[PDB]
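Below is one structure, written out as structure tokens, with a few remarks after it.
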Amino acid sequence: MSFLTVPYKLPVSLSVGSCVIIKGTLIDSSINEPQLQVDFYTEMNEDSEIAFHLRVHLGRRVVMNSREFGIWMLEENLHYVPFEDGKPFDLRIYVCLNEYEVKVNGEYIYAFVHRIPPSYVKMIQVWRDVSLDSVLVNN
């Protein structure tokens, strides 16, 4: 079947114990835009708060942040970038009580402490030049 059309938006309801599972392929095809971006919004509106932001600059960093009252807050940077041009990835984001646990290809890579309660997230958007197989939320 066909890759999901990006930018891809999905209405969701997150609780503690939820898991967002994103499977796709990144490619080295942009000048200074990230190759993958995942934003968790508090409304089905792109001006609303971003409880959780993850983006991938291949060979450089994975960056996580939040956008609260229009302001991009403290960037948390990983220099472990388990993403590779043209290889399929398995990105799992688990909702725990105090943090999202970010897991890639079966590896625990980062715990991002909640800045907005995850129960306020209403919409997930996955975009940048990603070839997206699936996005789904398990309870």
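Of all the criteria given as (1) within 21 Å of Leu10 (Cβ to Cβ); (2) assigned to a loop (DSSP other than H, G, I, E, B); (3) of a type in the set (A, V, I, L, M), the one not satisfied by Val81 is (1). Tell me, which strands (runs of 3 or more DSSP E) lie completely within segment 2-41 with 1 or more residues that are touching a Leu at 6+ places or on another chain (Cβ under 7 Å), of a type in the set (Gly, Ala, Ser) and touching a residue at least 24 places away in the same chain (Cβ under 8 Å)? Because the criterion is at least 1 residues that are touching a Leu at 6+ places or on another chain (Cβ under 7 Å), of a type in the set (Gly, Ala, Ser) and touching a residue at least 24 places away in the same chain (Cβ under 8 Å), the strands (runs of 3 or more DSSP E) in segment 2-41 that meet it are 19-25. The set of residues in segment 91-108 that are free of Cβ contacts under 8 Å to residues at least 60 places away in the same chain, crowded, with 17+ Cβ neighbours inside 10 Å and not charged (D, E, K, R) comprises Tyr100, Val102, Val104. Restricting attention to segment 115-131, does a residue exist that is touching a strand residue (DSSP E or B) at 6+ places or on another chain (Cβ under 8 Å), acidic (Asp, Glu) and either surrounded by 15 or more Cβ atoms within 10 Å (Cβ to Cβ) or in a loop (DSSP other than H, G, I, E, B) (or both)? No, the conditions are met nowhere in segment 115-131. Yes or no: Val62 within 15 Å of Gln35 (Cα to Cα), aliphatic (A, V, I, L, M) and outside any strand (DSSP E or B)? No; evaluated as a whole, the condition is false for this residue. Considering the conditions (1) touching a residue at least 60 places away in the same chain (Cβ under 8 Å); (2) under 16 Å from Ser18 (Cα atoms), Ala111 is excluded by exactly one of them, (1).
Considering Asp28, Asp39, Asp47, which residue is of a type in the set (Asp, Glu), under 17 Å from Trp127 (Cβ atoms) and within 14 Å of the chain's Cα centre (by Cα)?
On the way: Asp28 fails: within 14 Å of the chain's Cα centre (by Cα); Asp47 fails: within 14 Å of the chain's Cα centre (by Cα).
Matching residue, one of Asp28, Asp39, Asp47: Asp39.
Taking the numbered list (1) more than 16 Å from the chain's Cα centre (by Cα); (2) closer than 16 Å to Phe112 by Cβ in turn, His53 passes all entries but (1).
No lab work stands behind these numbers, since they all come straight from the coordinates. When we count neighbours, we look across all protein chains shown, and the Cβ atoms used for this are built from the backbone with ideal geometry, even at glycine.
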